[PDB]
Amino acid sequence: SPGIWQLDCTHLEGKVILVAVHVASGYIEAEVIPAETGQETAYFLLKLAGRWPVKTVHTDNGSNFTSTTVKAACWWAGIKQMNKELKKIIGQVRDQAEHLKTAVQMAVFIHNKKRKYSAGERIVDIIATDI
């Protein structure tokens, strides 16, 4: 179903990477964050919700969504309640960038553009079809 996303954090090089997966297509977005915090999670959700029609969000760590900040983002935005593949791509491209965050965006790009349609095409098709 088109309005469902999963959100989790992973760790790499002593930093945190927030990873959202659009479950039906396999499309991802990701950001490197200072801290695994309610505030970064909330902020990220607001950005996500402005781009795609986000209806529900799931996570593998339910305590992620406990803060007042997250609940306030989900309320305002109307929302209700690849780790290893991505780390694989990141490791393939890692020597070509100085900052981890650059390598992560490189790996998101590679992941979303790779064919079997690509995840980036699937999301847009799934969402356009649902309009």
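When you see a residue number, it is the position in the sequence shown, counting from 1.
J.: Are residue 116 and residue 117 truly consecutive in the deposited sequence, or are residues between them missing coordinates? Give the number as none, 1 to 3, 4 to 9, or 10 or more.
T.: 4 to 9 residues are missing.
J.: Between residue 81 and residue 82, determine how many residues of the deposited chain lack coordinates; answer none if the chain runs continuously, otherwise 1 to 3, 4 to 9, or 10 or more.
T.: Gap between residue 81 and residue 82: 10 or more residues without coordinates.
J.: Can you tell me whether 122-130 has a higher mean C-alpha B factor than 3-11 in this record, or the other way round?
T.: Per the PDB record, 122-130.
J.: Name the higher of the two by mean Cα B-factor in the PDB entry, 82-90 versus 24-32.
T.: Looking at the recorded C-alpha B-factors, 82-90 comes out higher on average.
J.: Among 57, 49, 97, 104, where is the Cα B factor highest in this entry?
T.: Top of the list by C-alpha B-factor: 97.
J.: According to the PDB entry, is the CA B factor of residue 68 in the bottom, middle or top third of its chain, that is, lowest, middle or highest?
T.: According to the entry, residue 68 has a C-alpha B-factor in the chain's middle third.
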